[PDB]
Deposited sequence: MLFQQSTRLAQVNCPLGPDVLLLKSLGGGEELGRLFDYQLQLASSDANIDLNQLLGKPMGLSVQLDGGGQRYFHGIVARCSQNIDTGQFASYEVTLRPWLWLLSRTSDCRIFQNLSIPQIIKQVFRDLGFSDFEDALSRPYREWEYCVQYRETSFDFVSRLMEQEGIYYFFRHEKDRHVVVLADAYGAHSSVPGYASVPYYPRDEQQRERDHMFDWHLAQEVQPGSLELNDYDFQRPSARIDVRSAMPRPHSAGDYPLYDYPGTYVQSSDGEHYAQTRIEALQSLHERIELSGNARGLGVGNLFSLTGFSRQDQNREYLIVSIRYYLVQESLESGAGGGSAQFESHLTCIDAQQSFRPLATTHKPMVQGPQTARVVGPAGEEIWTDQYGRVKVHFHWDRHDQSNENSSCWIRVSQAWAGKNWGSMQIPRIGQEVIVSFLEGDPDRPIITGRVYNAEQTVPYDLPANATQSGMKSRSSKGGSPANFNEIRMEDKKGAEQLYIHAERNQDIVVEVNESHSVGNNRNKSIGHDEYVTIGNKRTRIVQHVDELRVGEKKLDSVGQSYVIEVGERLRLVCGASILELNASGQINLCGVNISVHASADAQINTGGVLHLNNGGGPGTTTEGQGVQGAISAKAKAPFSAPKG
């Protein structure tokens, strides 16, 4: 006879007064029940959220069901036996609009991602009709979004849609991506057309019809960059130009998240097919009780024979009114030979600016990175992942300069905070555009005083203490402008050609051990005034030819009391305490004057206290006394 409700209160406690609402592929059904019951004092908290459905009799003894979730409950003034309620049914999938989070999914295909969302909320009542092997996303992010909003966006990108199968006590999100996911309802594989201007016909019929068509873009071209293939023409274009005029206007868009071109192809195909799904649609209305969204059904008895086609019900509106039945539906078909595809209804979240984030890596490591300088990151909004190498995509790091091998490298280390930023705000395409200090990652130089101290500083990777650092700090405090270069072990330097140094005043070089200097040709050292050398022991001058000492006033050789002296006045003192000249052959003396011996005119040696080892070692050790 008529419709009866299937509900936890017992089908007899509630009986439908009317029905409203509708359905659409990839969009939540929405059914405004209106019903009456003998109790005005029904606790709506018992109804609300709970599963409720309808039994609608079909001819041939079939039944149709409209199971769903009570998202709104309401009651309205009516006679006491017939207290009126206006429950809205929604799918369990609608409850995913009642929850939000931020969560990262990695190395998962979107069918696997969605089923994680469903299964974590206990929503088991889903089913798979998908036919493509979908891409395994390296990294997906739910961000500032509901679980339904995220879910819908992912399907819309891949061009998945969903439609529902309704049982007595279950309603099932069937995931669908092809004609083959659709089915023809028994006995409604054809629906006749018979107008309301006929006498009221015995079966179910489409009573009204309105074909509609629209100009829709004939092609889409998509590009994305790939830093691993920056030369590669990732550009891919999909085309379904229509026969009609203006059927060829092309669209173009930039970053389809795809990176492999053969994935982007289908992102284009779906984005066009969704608009091609608008190029033709067919309104109908009628009594097709058996038919539902995503069902198929041939048309019969239509006058325009182009319309005697198999149709895909993209959307339905339903009406029932009932006595204690009149059934009506209003619906939009498309030609089943054109694949449906959902629009980008589900507006993506975009991060309208940068993020901060801890850098992370394996528990014992200090840096975790790859051949492009990417890093793993823990976002401060991520609740779910353990702040380790699994907590992000490999994220590229910007560098102050970067070229073909060459350029500046400043690899951010584990625990360092970074300024992330997304390739369009797209949470799925992070990139790092800065590093930043914080009360943990403290500043090198205490800044309210040392604000003038610029320059880099390091800290040895593995277990580096604050004292194990290279540095090139640079203070330009007026009256204290200091360069300070530090190597915590060694400072190699190479120059292919010429060094220079130019120092207005002083230099102190301390070599706490040993210096080698190897000169390939020449040295030339020049002093305006004074040199000193001091040596606590020995000096050797392996001069392979000539050593010429060109003194101007006094050479004074010394060793203790033994003293050779050359005055520029030509007086020589060779005087000592014992002497033993020797020659294997001749020896001589000559004078233009008169050599004589023991004259007593030379009274003594020219000892001046120089060369006394005690002082000389002391003067050579003088820099190296203990602190």
Exercise for review: Point out each run of deposited residues with no C-alpha coordinates, keeping the order of the sequence.
Suggested key: 1-7, 332-340, 644-645
